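Working notes, beginning with the structure itself.
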Amino acid sequence: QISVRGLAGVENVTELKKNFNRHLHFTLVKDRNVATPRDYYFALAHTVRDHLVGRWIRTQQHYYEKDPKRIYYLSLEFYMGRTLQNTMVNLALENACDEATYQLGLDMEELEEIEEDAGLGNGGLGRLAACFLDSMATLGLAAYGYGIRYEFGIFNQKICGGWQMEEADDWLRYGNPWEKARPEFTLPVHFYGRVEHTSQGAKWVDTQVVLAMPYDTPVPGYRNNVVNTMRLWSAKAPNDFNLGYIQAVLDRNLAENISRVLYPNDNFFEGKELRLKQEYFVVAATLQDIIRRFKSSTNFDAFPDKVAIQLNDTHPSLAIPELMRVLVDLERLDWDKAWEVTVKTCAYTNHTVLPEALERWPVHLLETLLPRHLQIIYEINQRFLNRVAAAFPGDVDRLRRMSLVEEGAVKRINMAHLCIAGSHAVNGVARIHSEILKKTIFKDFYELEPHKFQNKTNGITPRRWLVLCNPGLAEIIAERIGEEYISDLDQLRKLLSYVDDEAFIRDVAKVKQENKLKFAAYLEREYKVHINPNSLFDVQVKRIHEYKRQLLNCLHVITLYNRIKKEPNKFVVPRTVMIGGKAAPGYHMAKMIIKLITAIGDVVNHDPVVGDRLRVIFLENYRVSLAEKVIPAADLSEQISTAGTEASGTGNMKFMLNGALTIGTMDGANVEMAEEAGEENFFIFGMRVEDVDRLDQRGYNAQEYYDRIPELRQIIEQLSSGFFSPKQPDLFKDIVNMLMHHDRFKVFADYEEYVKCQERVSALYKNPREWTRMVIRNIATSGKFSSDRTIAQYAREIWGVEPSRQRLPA
Ligand SMILES: Cc1nnc([C@@H]2O[C@H](CO)[C@@H](O)[C@H](O)[C@H]2O)o1
Ligand SMILES: *Cc1c(COP(=O)(O)O)cnc(C)c1O
């Protein structure tokens, strides 16, 4: 069909067809008379899977032979999404499989929709890990992703009566064809117990044991025949466990609950024991696996030369004291030597500055669950503070500020401080974020060890986020500049010479229109809700959170509605405002925000006077698979977090690469995106970080904005009086009270500039040609945001390895 999808050779289509029938028969045990679409999906999955194994085996054999430095990316989250299409794309099998299934009388797109999203993540943090694995494989790095195989991933969101309802994500229900259980590599993980101090060394004894069983999933690079591994651990109780008889067997669930479910929190720390167990579980099993692999390559001096461990935030921070524990207690290395090795091996990536998201574990918890680790942490702290005291003599406050141990109500361990002390590199995820780290929360550490601090601006993989979700766009681009850009996104700059090309302008606009039509259709198919494909698609999809300010968007929507009601027969650019995202189950305000959005839709979407000029839709169950559908269809990307709160953001990059213009604050990567495309091609508004600080020094008083802005006042009064909740007049009292008295994110402060900016957006949309030309300028300069660039920087500046675009013989 289209170029970028590979060749549909005669021999290969024939081979695919026979292997498809072979799996349907032998693997699924079905014939064409009783097979269902799901059976066909699996038949296709196994067929595509077969093409991976050969490459997977030799890639691993290759690393064994050449023994390069290994990169271990530790994360409690890997938001992978679907695997079928991504695998076909990276193996250049998409057209062949499309043809083969066509000849078999099947629609491949229909089959792809059957695959369950592997939702082992909450949002940006987990998705970043997924994009990183894709880039590391594409850049030929000997990398391994290590995490937990949650039985239940992020919950499926159902909207009932306008409220979010959560239901278990039983993603393994029908089986997972992509994983390979490796029970032979099961490892023991210890919990509780006590520490015994003997003649030579301390011993951790009387522990409870939980087995870690690994499941391997292949990670194919883009057309380079490299297939890396993502190893996820599953909790298994030993067989002598708790060994009435029946109860003992049933209680095995206690130990196995460790890998049962993903904590559904995005940017929020919840200090629960189960979560701590998950964090240690992944770290303990992973480190043993890493050391075992290292030994089969005594000389731990070379350990840092053959191993790099990247900590995705502080979630796997226990890797530092666990590594020390193994080297000191088990390998018998002297402390100083063990510490040198640990520091040179570990690197830490910070993803937030929000106080409520930073991990601070109560000492009593570590004391009971991991007694030896607590002792090691105290020793690390003692030695670290001695270094601080020597560098800043007499500065007693600095000592207490930098301590890994926080005193107060209950003593806690600041995991971020632990990570900085035990890592040779600490990085932020966007230029502004990394600067904020050095100027604020990590200022003391930066002054002590400036060399440790770096920046690694985030990125997204252009395979899943362009070729896979937007083939139409990838095609018209390839038509002009070739396919090389798919693994070298910087080449998109060549599109700048087509900004005045009438044919290209027309094609770019055509692709967007087609995507919108397709999405508008999908909305009626699976969700039954009519929308106007000719309107501007204004979308804000991301987790629901106060700092992301979906509320600011809500205020704008109500403003638009009130303006139409005031002057009904006045022309306004038609808009379809789409907001989607999940709220953490225990985050009350976030759940109230979802209700507000649907409530607004209830009024706006049924007002005769508004007509098809304004529609407000809440996109249910936003997840990776849905992102692949809505992002290509978007015209306007809402990235409106309060300046200084969104460390980077990555959804912003996805929209830019897919032809949407951006309206946003100078926050996270938005700053670099605007810098790359040129501020004139971006819709920037609101306070800058400096303005926010000025407001805080003076004191934020929302009442002031309410008193000076009539339109804002009207909105608040509508919310308070029950205009959007007739049967329950005070339903949104908590929202109004927060907005008026304790809004940490200054929604009102950016209201005026936001509305004004939105007017300039509508003005430009009225001029199709100029809107598209600005779009081209954005797409053409989105190259810097490829995770290939991000990974290449991590590789060279942190891991000490060189990326390679060399194909392996297939
Ligand atoms: C903590 C934490 N939890 N989620 C995040 C997210 O991680 C993403 C990838 O770096 C960033 O782009 C987001 O701004 C950050 O909020 O940080
Ligand atoms: C990319 C992505 C995110 C991150 O979006 P931001 O707007 O940066 O918060 C979250 N969820 C999903 C499903 C994504 O694909």
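Side chains are part of it too, since the values below use all heavy atoms of this structure and drop only hydrogens, waters and symmetry mates. One-based numbering along the sequence shown.
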State whether the number of non-hydrogen atoms from other residues, nucleotides or ligands found under 6.0 Å of [X] atom [atom1] is greater than 12.
X: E679; atom1: CD; value: no
X: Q806; atom1: CD; value: no
X: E109; atom1: CD; value: no
X: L517; atom1: CG; value: yes
X: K518; atom1: NZ; value: no

Test log, rule side-chain contact (heavy atoms from CB on, under 4.5 Å), inputs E483 and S3: CA-CA 9 Å; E483 311 181 19; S3 178; 3.5 Å; yes

What heavy-atom pair brings [X] and [Y] nearest, and what distance separates the two atoms?
X: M653; Y: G459; answer: SD-CA, 3.7 Å
X: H433; Y: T352; answer: CE1-N, 3.9 Å
X: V511; Y: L473; answer: CG1-N, 3.6 Å
X: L133; Y: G145; answer: CD2-CA, 3.8 Å
X: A795; Y: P803; answer: CB-CD, 4.3 Å
X: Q85; Y: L468; answer: NE2-O, 3.1 Å

With the side chain counted from C-beta on, respond yes when [X] and [Y] share a heavy-atom pair under 4.5 Å apart, and no when they do not.
X: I154; Y: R623; result: no
X: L141; Y: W799; result: yes
X: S787; Y: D134; result: no
X: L120; Y: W171; result: yes
X: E628; Y: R464; result: yes
X: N515; Y: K629; result: no
X: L764; Y: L661; result: yes
X: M578; Y: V541; result: no

Plane angle bin for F537 and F519 - parallel if under 30°, tilted between 30 and 60°, otherwise perpendicular: perpendicular

Geometric class of the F504/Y498 ring pair [parallel <30°, tilted 30-60°, perpendicular >60°]: tilted

Just by distance, no angles: are the side chains of [X] and [Y] close enough, under 3.5 Å, to form a donor-acceptor pair?
X: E475; Y: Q1; answer: no
X: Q454; Y: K456; answer: yes
X: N455; Y: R431; answer: no
X: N553; Y: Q540; answer: yes
X: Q157; Y: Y622; answer: no
X: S535; Y: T576; answer: yes
X: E77; Y: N312; answer: no
X: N267; Y: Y547; answer: yes
X: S762; Y: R575; answer: yes

Listed partners of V467 passing side-chain contact (heavy atoms from CB on, under 4.5 Å), at least two apart: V89, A474, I486

side-chain contact (heavy atoms from CB on, under 4.5 Å) involving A509 - partner list, sequence neighbours excluded: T772

Verdict with supporting geometry, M136 and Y794, side-chain contact (heavy atoms from CB on, under 4.5 Å): CA-CA 10 Å; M136 294 187 284; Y794 271 91; over 6 Å; no

Between [X] (side chain) and [Y] (backbone), is there a donor-acceptor pair under 3.5 Å?
X: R789; Y: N458; answer: yes
X: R777; Y: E680; answer: no
X: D117; Y: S625; answer: yes
X: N670; Y: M666; answer: no
X: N778; Y: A677; answer: no
X: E115; Y: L84; answer: yes
X: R55; Y: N224; answer: no
X: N95; Y: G6; answer: yes
X: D635; Y: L536; answer: no
X: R82; Y: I114; answer: no

Derivation of the side chain to side chain donor-acceptor pair (under 3.5 Å) call for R615 and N532: CA-CA 9 Å; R615 291 301 189 203; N532 168 36; over 6 Å; no

Just verifying a value: how many Å separate [X] [atom1] and [Y] [atom2], rounded to the nearest 0.5 Å?
X: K784; Y: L489; atom1: NZ; atom2: CG; result: 13.0 Å
X: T461; Y: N86; atom1: OG1; atom2: CG; result: 7.5 Å
X: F268; Y: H545; atom1: CZ; atom2: NE2; result: 8.0 Å
X: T650; Y: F655; atom1: OG1; atom2: CZ; result: 10.5 Å
X: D266; Y: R543; atom1: CG; atom2: CZ; result: 5.0 Å
X: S641; Y: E546; atom1: OG; atom2: CD; result: 13.5 Å

Any salt bridge linking [X] with [Y]? Criterion: basic side-chain nitrogen under 4.0 Å from a carboxylate oxygen.
X: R506; Y: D501; result: no
X: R480; Y: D507; result: yes
X: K756; Y: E753; result: no

Residues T645, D667; criterion side-chain contact (heavy atoms from CB on, under 4.5 Å); working and verdict: CA-CA 7 Å; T645 62; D667 200 17; 3.6 Å; yes

Pair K512-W771, side-chain contact (heavy atoms from CB on, under 4.5 Å): steps then yes or no: CA-CA 12 Å; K512 177 59 66 180; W771 174 280; over 6 Å; no

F155 six-ring centre to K582 NZ/CZ under 6.0 Å and within 45° of normal: yes

Member of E638, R549, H556 meeting the side chain to side chain donor-acceptor pair (under 3.5 Å) criterion with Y754: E638

Partner of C554 by side-chain contact (heavy atoms from CB on, under 4.5 Å), out of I597, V577, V616: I597

